[PDB]
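coords.cif follows (mmCIF, C-alpha atoms):
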```
data_data
#
loop_
_atom_site.group_PDB
_atom_site.id
_atom_site.type_symbol
_atom_site.label_atom_id
_atom_site.label_comp_id
_atom_site.auth_asym_id
_atom_site.auth_seq_id
_atom_site.Cartn_x
_atom_site.Cartn_y
_atom_site.Cartn_z
ATOM 1 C CA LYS F 1 117.291 218.868 106.488
ATOM 2 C CA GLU F 2 117.772 219.011 102.723
ATOM 3 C CA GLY F 3 119.863 220.964 100.236
ATOM 4 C CA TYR F 4 121.918 220.859 97.051
ATOM 5 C CA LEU F 5 125.049 218.745 96.838
ATOM 6 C CA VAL F 6 127.968 221.168 96.589
ATOM 7 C CA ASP F 7 131.422 220.563 95.137
ATOM 8 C CA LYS F 8 133.526 221.900 98.012
ATOM 9 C CA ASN F 9 136.373 222.976 95.730
ATOM 10 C CA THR F 10 134.551 224.830 92.936
ATOM 11 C CA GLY F 11 131.368 225.670 94.837
ATOM 12 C CA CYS F 12 129.221 224.217 92.056
ATOM 13 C CA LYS F 13 126.107 222.091 92.184
ATOM 14 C CA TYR F 14 126.213 218.604 90.684
ATOM 15 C CA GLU F 15 124.260 218.598 87.402
ATOM 16 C CA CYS F 16 122.248 215.430 86.798
ATOM 17 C CA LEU F 17 120.400 214.113 83.737
ATOM 18 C CA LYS F 18 117.470 211.915 84.783
ATOM 19 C CA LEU F 19 115.024 214.195 86.616
ATOM 20 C CA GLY F 20 113.208 212.715 89.695
ATOM 21 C CA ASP F 21 114.493 209.424 91.204
ATOM 22 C CA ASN F 22 118.156 209.178 90.222
ATOM 23 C CA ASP F 23 120.798 206.693 91.411
ATOM 24 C CA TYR F 24 123.639 208.995 90.434
ATOM 25 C CA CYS F 25 122.380 211.618 92.901
ATOM 26 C CA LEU F 26 121.591 209.013 95.562
ATOM 27 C CA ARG F 27 125.152 207.717 95.237
ATOM 28 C CA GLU F 28 126.818 211.148 95.126
ATOM 29 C CA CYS F 29 124.712 212.392 98.059
ATOM 30 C CA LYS F 30 125.527 209.389 100.272
ATOM 31 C CA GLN F 31 129.191 209.694 99.366
ATOM 32 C CA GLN F 32 129.272 213.272 100.550
ATOM 33 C CA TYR F 33 126.918 213.156 103.595
ATOM 34 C CA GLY F 34 126.746 209.520 104.718
ATOM 35 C CA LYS F 35 124.807 206.323 103.936
ATOM 36 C CA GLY F 36 121.703 207.551 105.786
ATOM 37 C CA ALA F 37 121.236 210.448 103.358
ATOM 38 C CA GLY F 38 118.968 210.355 100.320
ATOM 39 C CA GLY F 39 118.960 212.355 97.112
ATOM 40 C CA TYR F 40 117.335 212.845 93.734
ATOM 41 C CA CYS F 41 117.560 215.070 90.654
ATOM 42 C CA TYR F 42 115.773 218.419 90.952
ATOM 43 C CA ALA F 43 115.796 221.135 88.305
ATOM 44 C CA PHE F 44 118.710 219.067 86.963
ATOM 45 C CA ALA F 45 120.926 219.285 90.071
ATOM 46 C CA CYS F 46 121.423 216.781 92.874
ATOM 47 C CA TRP F 47 119.123 217.614 95.782
ATOM 48 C CA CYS F 48 120.163 215.733 98.943
ATOM 49 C CA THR F 49 117.785 214.592 101.699
ATOM 50 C CA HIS F 50 117.820 213.344 105.308
ATOM 51 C CA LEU F 51 120.840 215.457 106.138
ATOM 52 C CA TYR F 52 121.942 216.185 109.656
ATOM 53 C CA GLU F 53 121.275 219.836 110.559
ATOM 54 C CA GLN F 54 124.946 220.888 110.380
ATOM 55 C CA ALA F 55 125.686 219.424 106.939
ATOM 56 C CA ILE F 56 127.305 221.790 104.442
ATOM 57 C CA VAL F 57 125.149 222.345 101.363
ATOM 58 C CA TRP F 58 125.017 224.946 98.564
ATOM 59 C CA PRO F 59 126.101 227.731 98.629
ATOM 60 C CA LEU F 60 129.702 228.004 99.778
ATOM 61 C CA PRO F 61 131.099 231.508 100.504
ATOM 62 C CA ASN F 62 133.273 233.133 97.805
ATOM 63 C CA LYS F 63 133.307 229.861 95.891
ATOM 64 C CA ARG F 64 131.432 230.802 92.720
ATOM 65 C CA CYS F 65 131.003 228.284 89.910
ATOM 66 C CA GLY D 128 106.616 208.856 72.460
ATOM 67 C CA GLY D 129 106.596 207.979 76.143
ATOM 68 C CA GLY D 130 103.059 209.124 76.879
ATOM 69 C CA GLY D 131 103.818 211.980 79.272
ATOM 70 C CA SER D 132 103.013 215.602 78.532
ATOM 71 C CA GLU D 133 105.510 218.408 77.890
ATOM 72 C CA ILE D 134 105.461 221.886 79.366
ATOM 73 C CA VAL D 135 104.087 224.177 76.666
ATOM 74 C CA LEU D 136 105.693 227.606 76.479
ATOM 75 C CA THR D 137 103.868 230.370 74.624
ATOM 76 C CA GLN D 138 105.881 233.396 73.576
ATOM 77 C CA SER D 139 104.043 236.503 72.495
ATOM 78 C CA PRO D 140 104.094 238.413 70.356
ATOM 79 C CA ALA D 141 105.657 236.196 67.693
ATOM 80 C CA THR D 142 107.001 239.396 66.108
ATOM 81 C CA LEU D 143 107.828 242.636 67.937
ATOM 82 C CA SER D 144 108.447 245.886 66.034
ATOM 83 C CA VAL D 145 110.583 248.359 67.957
ATOM 84 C CA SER D 146 112.913 251.223 67.101
ATOM 85 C CA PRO D 147 116.256 251.740 68.864
ATOM 86 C CA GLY D 148 116.191 253.536 72.205
ATOM 87 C CA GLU D 149 112.668 252.265 72.775
ATOM 88 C CA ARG D 150 111.702 249.570 75.264
ATOM 89 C CA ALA D 151 110.971 245.985 74.212
ATOM 90 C CA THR D 152 108.698 243.716 76.312
ATOM 91 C CA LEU D 153 108.664 239.942 75.628
ATOM 92 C CA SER D 154 106.366 237.376 77.282
ATOM 93 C CA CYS D 155 106.804 233.697 77.962
ATOM 94 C CA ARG D 156 103.867 231.820 79.452
ATOM 95 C CA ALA D 157 104.034 228.231 80.704
ATOM 96 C CA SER D 158 101.140 225.751 80.692
ATOM 97 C CA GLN D 159 101.794 225.216 84.391
ATOM 98 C CA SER D 160 104.180 226.485 87.029
ATOM 99 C CA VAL D 161 107.880 225.948 86.410
ATOM 100 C CA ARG D 162 108.738 228.169 89.373
ATOM 101 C CA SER D 163 111.956 229.973 88.447
ATOM 102 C CA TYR D 164 113.585 227.423 86.175
ATOM 103 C CA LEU D 165 113.168 229.550 83.077
ATOM 104 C CA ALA D 166 116.158 230.391 80.819
ATOM 105 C CA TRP D 167 116.317 232.841 77.901
ATOM 106 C CA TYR D 168 118.358 232.592 74.691
ATOM 107 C CA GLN D 169 119.313 234.913 71.863
ATOM 108 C CA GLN D 170 119.905 233.890 68.250
ATOM 109 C CA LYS D 171 121.147 236.065 65.421
ATOM 110 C CA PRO D 172 120.739 234.746 61.841
ATOM 111 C CA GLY D 173 123.217 232.096 60.745
ATOM 112 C CA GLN D 174 124.535 232.114 64.327
ATOM 113 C CA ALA D 175 124.353 229.639 67.222
ATOM 114 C CA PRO D 176 122.141 230.538 70.201
ATOM 115 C CA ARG D 177 123.628 232.290 73.188
ATOM 116 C CA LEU D 178 122.561 232.151 76.854
ATOM 117 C CA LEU D 179 120.927 235.377 77.996
ATOM 118 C CA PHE D 180 119.426 234.352 81.346
ATOM 119 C CA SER D 181 120.089 231.121 83.258
ATOM 120 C CA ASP D 182 116.923 231.398 85.274
ATOM 121 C CA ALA D 183 114.038 233.849 85.435
ATOM 122 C CA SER D 184 116.164 236.834 86.508
ATOM 123 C CA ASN D 185 119.842 235.777 86.482
ATOM 124 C CA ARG D 186 121.779 237.332 83.542
ATOM 125 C CA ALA D 187 124.375 235.091 81.912
ATOM 126 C CA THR D 188 127.943 236.347 81.961
ATOM 127 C CA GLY D 189 128.633 239.159 79.496
ATOM 128 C CA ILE D 190 124.988 240.239 79.138
ATOM 129 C CA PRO D 191 124.337 244.030 79.572
ATOM 130 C CA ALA D 192 122.137 245.273 82.405
ATOM 131 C CA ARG D 193 119.746 246.772 79.876
ATOM 132 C CA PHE D 194 118.272 243.212 79.721
ATOM 133 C CA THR D 195 115.998 242.224 82.607
ATOM 134 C CA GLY D 196 114.053 239.044 83.292
ATOM 135 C CA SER D 197 111.277 238.604 85.818
ATOM 136 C CA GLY D 198 108.480 236.250 86.774
ATOM 137 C CA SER D 199 107.973 232.932 88.460
ATOM 138 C CA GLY D 200 105.364 230.226 87.894
ATOM 139 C CA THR D 201 103.548 230.662 84.596
ATOM 140 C CA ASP D 202 104.230 234.275 83.498
ATOM 141 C CA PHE D 203 107.717 235.435 82.535
ATOM 142 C CA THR D 204 108.856 238.713 81.027
ATOM 143 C CA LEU D 205 112.021 239.787 79.235
ATOM 144 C CA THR D 206 112.566 243.520 79.087
ATOM 145 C CA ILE D 207 115.121 245.278 76.911
ATOM 146 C CA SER D 208 115.107 248.763 78.401
ATOM 147 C CA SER D 209 116.805 250.766 75.671
ATOM 148 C CA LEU D 210 117.126 248.723 72.507
ATOM 149 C CA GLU D 211 120.519 248.686 70.778
ATOM 150 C CA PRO D 212 120.625 247.653 67.119
ATOM 151 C CA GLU D 213 122.604 244.526 67.993
ATOM 152 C CA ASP D 214 119.601 243.417 70.075
ATOM 153 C CA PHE D 215 117.493 242.731 66.995
ATOM 154 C CA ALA D 216 117.295 238.919 67.054
ATOM 155 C CA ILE D 217 115.131 235.916 67.901
ATOM 156 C CA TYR D 218 114.542 235.257 71.584
ATOM 157 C CA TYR D 219 113.690 231.798 72.920
ATOM 158 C CA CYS D 220 112.532 230.807 76.377
ATOM 159 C CA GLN D 221 113.249 227.378 77.925
ATOM 160 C CA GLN D 222 111.900 225.627 81.036
ATOM 161 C CA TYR D 223 113.778 223.169 83.237
ATOM 162 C CA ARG D 224 111.518 222.188 86.107
ATOM 163 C CA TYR D 225 110.131 219.164 84.250
ATOM 164 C CA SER D 226 111.337 216.522 81.792
ATOM 165 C CA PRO D 227 111.915 216.840 78.914
ATOM 166 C CA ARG D 228 113.140 220.408 78.821
ATOM 167 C CA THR D 229 111.160 222.460 76.324
ATOM 168 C CA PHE D 230 111.466 225.713 74.386
ATOM 169 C CA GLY D 231 109.062 228.400 73.300
ATOM 170 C CA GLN D 232 108.605 229.013 69.579
ATOM 171 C CA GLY D 233 110.431 232.328 69.797
ATOM 172 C CA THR D 234 109.816 236.043 69.404
ATOM 173 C CA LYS D 235 111.412 237.824 66.492
ATOM 174 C CA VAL D 236 112.402 241.355 67.429
ATOM 175 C CA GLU D 237 112.574 243.382 64.177
ATOM 176 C CA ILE D 238 113.072 247.095 63.586
ATOM 177 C CA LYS D 239 110.031 249.346 63.140
ATOM 178 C CA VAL P 2 135.785 229.012 76.537
ATOM 179 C CA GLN P 3 134.980 227.342 73.243
ATOM 180 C CA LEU P 4 133.277 224.270 71.801
ATOM 181 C CA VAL P 5 133.939 222.691 68.422
ATOM 182 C CA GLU P 6 131.927 219.979 66.707
ATOM 183 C CA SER P 7 132.535 217.756 63.689
ATOM 184 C CA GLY P 8 131.452 214.658 61.754
ATOM 185 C CA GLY P 9 128.212 215.905 60.202
ATOM 186 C CA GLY P 10 127.220 215.355 56.571
ATOM 187 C CA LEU P 11 124.952 213.428 54.209
ATOM 188 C CA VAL P 12 123.426 210.034 54.983
ATOM 189 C CA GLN P 13 120.606 207.688 53.970
ATOM 190 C CA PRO P 14 117.609 206.601 56.060
ATOM 191 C CA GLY P 15 118.730 203.795 58.341
ATOM 192 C CA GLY P 16 122.313 204.985 58.062
ATOM 193 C CA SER P 17 124.790 205.795 60.822
ATOM 194 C CA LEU P 18 126.848 208.856 61.704
ATOM 195 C CA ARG P 19 129.140 209.719 64.623
ATOM 196 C CA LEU P 20 129.515 213.309 65.837
ATOM 197 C CA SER P 21 132.282 214.572 68.031
ATOM 198 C CA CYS P 22 132.809 217.677 70.158
ATOM 199 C CA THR P 23 135.996 219.088 71.620
ATOM 200 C CA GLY P 24 136.137 221.502 74.529
ATOM 201 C CA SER P 25 138.798 224.036 75.351
ATOM 202 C CA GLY P 26 139.228 226.840 77.889
ATOM 203 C CA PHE P 27 137.767 225.080 80.896
ATOM 204 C CA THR P 28 138.059 221.973 83.035
ATOM 205 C CA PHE P 29 136.143 219.516 80.842
ATOM 206 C CA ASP P 30 135.982 217.056 83.800
ATOM 207 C CA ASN P 31 133.797 219.324 85.890
ATOM 208 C CA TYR P 32 130.877 219.831 83.491
ATOM 209 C CA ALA P 33 127.827 217.997 82.211
ATOM 210 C CA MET P 34 127.804 218.045 78.395
ATOM 211 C CA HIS P 35 124.893 218.024 75.900
ATOM 212 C CA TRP P 36 123.771 217.581 72.308
ATOM 213 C CA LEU P 37 120.981 219.820 71.046
ATOM 214 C CA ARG P 38 119.647 220.257 67.505
ATOM 215 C CA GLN P 39 117.770 222.654 65.279
ATOM 216 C CA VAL P 40 115.807 222.060 62.096
ATOM 217 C CA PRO P 41 116.591 224.996 59.758
ATOM 218 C CA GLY P 42 114.012 227.767 60.241
ATOM 219 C CA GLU P 43 112.544 225.969 63.260
ATOM 220 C CA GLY P 44 113.118 225.920 67.023
ATOM 221 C CA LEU P 45 115.380 224.116 69.496
ATOM 222 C CA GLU P 46 115.210 220.585 70.854
ATOM 223 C CA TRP P 47 117.357 218.900 73.512
ATOM 224 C CA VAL P 48 118.761 215.568 72.323
ATOM 225 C CA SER P 49 121.018 214.003 74.959
ATOM 226 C CA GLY P 50 123.416 214.644 77.831
ATOM 227 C CA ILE P 51 125.986 213.112 80.178
ATOM 228 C CA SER P 52 127.111 214.103 83.724
ATOM 229 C CA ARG P 53 130.501 214.310 85.457
ATOM 230 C CA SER P 54 132.275 210.926 85.508
ATOM 231 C CA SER P 55 129.708 209.584 83.000
ATOM 232 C CA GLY P 56 127.526 208.627 85.965
ATOM 233 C CA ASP P 57 124.198 209.854 84.628
ATOM 234 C CA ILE P 58 122.964 209.758 81.025
ATOM 235 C CA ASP P 59 119.682 210.512 79.278
ATOM 236 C CA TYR P 60 118.088 210.936 75.847
ATOM 237 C CA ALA P 61 115.069 212.652 74.322
ATOM 238 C CA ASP P 62 112.258 210.132 73.723
ATOM 239 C CA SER P 63 112.403 210.511 69.925
ATOM 240 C CA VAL P 64 115.984 209.259 69.938
ATOM 241 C CA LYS P 65 116.134 206.695 72.784
ATOM 242 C CA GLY P 66 117.653 203.428 71.583
ATOM 243 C CA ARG P 67 118.955 204.864 68.328
ATOM 244 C CA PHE P 68 121.567 207.335 69.680
ATOM 245 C CA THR P 69 124.413 206.770 72.134
ATOM 246 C CA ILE P 70 126.240 209.614 73.909
ATOM 247 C CA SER P 71 129.641 209.247 75.566
ATOM 248 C CA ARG P 72 132.683 211.193 76.779
ATOM 249 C CA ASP P 73 136.452 210.913 77.098
ATOM 250 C CA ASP P 74 137.785 213.316 79.716
ATOM 251 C CA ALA P 75 141.457 212.766 78.957
ATOM 252 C CA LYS P 76 140.848 213.801 75.329
ATOM 253 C CA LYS P 77 138.383 216.550 76.311
ATOM 254 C CA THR P 78 135.818 215.182 73.850
ATOM 255 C CA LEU P 79 132.122 214.318 73.748
ATOM 256 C CA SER P 80 130.596 211.871 71.242
ATOM 257 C CA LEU P 81 127.234 211.081 69.684
ATOM 258 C CA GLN P 82 126.673 207.745 67.911
ATOM 259 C CA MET P 83 123.719 208.161 65.568
ATOM 260 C CA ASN P 84 121.996 205.024 64.270
ATOM 261 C CA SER P 85 118.852 204.100 62.321
ATOM 262 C CA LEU P 86 118.575 207.681 61.029
ATOM 263 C CA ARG P 87 115.333 209.212 59.814
ATOM 264 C CA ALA P 88 114.187 212.346 57.986
ATOM 265 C CA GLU P 89 113.362 213.957 61.361
ATOM 266 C CA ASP P 90 117.035 213.845 62.397
ATOM 267 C CA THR P 91 117.850 216.433 59.747
ATOM 268 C CA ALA P 92 119.137 219.454 61.649
ATOM 269 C CA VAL P 93 122.098 221.512 62.781
ATOM 270 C CA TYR P 94 123.543 219.599 65.766
ATOM 271 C CA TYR P 95 124.993 221.582 68.659
ATOM 272 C CA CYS P 96 127.326 220.539 71.361
ATOM 273 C CA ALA P 97 126.730 222.612 74.518
ATOM 274 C CA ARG P 98 127.974 222.954 78.077
ATOM 275 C CA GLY P 99 125.558 222.244 80.903
ATOM 276 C CA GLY P 100 124.653 225.139 83.162
ATOM 277 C CA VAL P 101 122.582 223.206 85.692
ATOM 278 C CA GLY P 102 119.254 223.285 83.858
ATOM 279 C CA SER P 103 120.275 225.598 81.036
ATOM 280 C CA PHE P 104 123.082 225.530 78.437
ATOM 281 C CA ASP P 105 125.624 228.326 78.857
ATOM 282 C CA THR P 106 128.026 227.620 76.025
ATOM 283 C CA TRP P 107 127.326 226.448 72.472
ATOM 284 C CA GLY P 108 129.588 225.278 69.651
ATOM 285 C CA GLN P 109 129.130 226.468 66.056
ATOM 286 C CA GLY P 110 127.068 223.522 64.818
ATOM 287 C CA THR P 111 127.490 220.701 62.329
ATOM 288 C CA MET P 112 124.800 219.921 59.761
ATOM 289 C CA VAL P 113 123.313 216.434 59.429
ATOM 290 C CA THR P 114 121.233 215.698 56.357
ATOM 291 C CA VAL P 115 119.120 212.565 55.906
ATOM 292 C CA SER P 116 117.279 211.971 52.642
ATOM 293 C CA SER P 117 114.799 210.983 51.580
#
```
Just give me the structure as structure tokens.
Amino acid sequence: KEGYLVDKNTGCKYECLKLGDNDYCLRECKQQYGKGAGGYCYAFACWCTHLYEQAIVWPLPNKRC
Amino acid sequence: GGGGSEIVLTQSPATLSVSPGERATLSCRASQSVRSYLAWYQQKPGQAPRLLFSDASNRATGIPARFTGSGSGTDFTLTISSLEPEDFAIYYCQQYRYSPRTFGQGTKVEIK
Amino acid sequence: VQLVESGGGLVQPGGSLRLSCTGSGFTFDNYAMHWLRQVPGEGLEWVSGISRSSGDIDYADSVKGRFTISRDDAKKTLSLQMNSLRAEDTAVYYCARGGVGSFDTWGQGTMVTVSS
């Protein structure tokens, strides 16, 4: 599945700067969900791909940014 | 330039005459669909802009519920239900689905 | 939550100027930061921005190669190195906090004037 990278402490999305293909998001997504994950910059937030069904993505409960 | 095109945002009317207690309706139209990634700003003279809406309908913190945004795709509306005198300002729309981000040319809300 | 910017002023075409922005009232580390600008009497234009940990950076086309953005999280500051200036760069320059697509907090603005 796919979803936004979520900071598990603040509950925020990761803002990114270069829309579309983005190494920063690829790197941040793999670091959170594993080396098999992908990710790119979408509406200026990291959107992670190839996630296992159970992976925790935005939004987290009661963790508002 | 880099050769790509930029989302064009068209705000109408350029100037809106309203008296307090009346309802103000602002439009923002995009050259193509930006889905929901449409923010709104307010700017009083000599002042820096402030965030009004972060996307089509989500009010920024501190903004009164008399302000409402709606729309998705190409046609966005900002509605000020019962105009307070402090609401006379310039309103700018801004898209963020595509790069670079772009802004409308603004709608000046003046008193009638 | 407040932003403050400095280092604006007068300059000559081809000249250089370095702006600086200081954040207070929030965890500077956690936020993308941006420079925007506004020609007096005209509309807004995004200039440049930087992500958390300085891991992603970008610039508006009109400015790519001439400007260089950077941050220092210990000092809670954001910088903009402006080079090879032109008449177009004449504007009030705003520092702003990223709101994931939008800009939720703006400083007061510092004026940059390039003649002729």
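With all atoms listed in the file as the atoms that count, the residue of P:16, P:52, P:47, P:65 with the shortest distance to residue 223 (chain D) is P:47.
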Worksheet item: Any chance you could work out the residue set of the PyMOL selection byres ((chain D) within 8 of (chain P)) here, as an MDAnalysis selection string?
Response: chainID D and resid 128:129 164 166 174:178 181:182 187 221 223 227:233
Only residues of chain F matter here; which ones have an atom within 9 Å of chain D, counting all atoms listed in the file? Give them as an mmCIF file with C-alpha atoms, keeping the file's coordinate frame.
```
data_model
loop_
_atom_site.group_PDB
_atom_site.id
_atom_site.type_symbol
_atom_site.label_atom_id
_atom_site.label_comp_id
_atom_site.auth_asym_id
_atom_site.auth_seq_id
_atom_site.Cartn_x
_atom_site.Cartn_y
_atom_site.Cartn_z
ATOM 1 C CA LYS F 18 117.470 211.915 84.783
ATOM 2 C CA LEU F 19 115.024 214.195 86.616
ATOM 3 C CA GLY F 20 113.208 212.715 89.695
ATOM 4 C CA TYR F 42 115.773 218.419 90.952
ATOM 5 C CA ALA F 43 115.796 221.135 88.305
ATOM 6 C CA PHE F 44 118.710 219.067 86.963
#
```
Taking the file as I've supplied it (selection: the PyMOL selection byres ((chain F) within 8 of (chain P))), which residues are included? Please answer as a short mmCIF file (atom, residue, chain, number, x, y, z; two decimals) with C-alpha atoms, in the frame of the given file.
```cif
data_model
loop_
_atom_site.label_atom_id
_atom_site.label_comp_id
_atom_site.auth_asym_id
_atom_site.auth_seq_id
_atom_site.Cartn_x
_atom_site.Cartn_y
_atom_site.Cartn_z
CA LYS F 13 126.11 222.09 92.18
CA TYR F 14 126.21 218.60 90.68
CA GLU F 15 124.26 218.60 87.40
CA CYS F 16 122.25 215.43 86.80
CA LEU F 17 120.40 214.11 83.74
CA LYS F 18 117.47 211.92 84.78
CA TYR F 24 123.64 209.00 90.43
CA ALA F 43 115.80 221.14 88.30
CA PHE F 44 118.71 219.07 86.96
CA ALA F 45 120.93 219.28 90.07
#
```
Item to complete: Might you spell out which residues the PyMOL selection byres ((chain P and resi 86) around 7) would select in the displayed file, as a PyMOL selection string?
Response: chain P and resi 14-17+83-85+87+90
Worksheet item: Using only C-alpha atoms, which residues sit within 6 Å of residue 207 (chain D) once same-chain residues fewer than 2 positions away are excluded, as a ChimeraX atom specification?
Response: /D:150-151,193-194,209-210
Worksheet item: Do you have the CA of residue 40 (chain P)-CA of residue 89 (chain P) distance handy?
Response: 8.5 Å
Discussion item. Residues proximal to (116.0, 237.4, 78.1) were defined as those with any atom within 10 Å of that point in the file's coordinates, counting only C-alpha atoms. Which are they, as a PyMOL selection string?
Written reply: chain D and resi 152-155+165-169+178-187+190+194-197+203-207+218-220
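Across the structure, CA of residue 145 (chain D) and CA of residue 189 (chain D) are spaced 23.3 Å apart.
For the atom pair formed by CA of residue 40 (chain F) and CA of residue 162 (chain D), the distance is 18.1 Å, given to one decimal.
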Worksheet entry | Cut-off 10 Å around (100.6, 233.2, 82.6) with all atoms listed in the file: residues as a list in words | residues 136, 137, 154, 155, 156, 157, 158, 159, 160, 198, 199, 200, 201, 202 and 203 of chain D
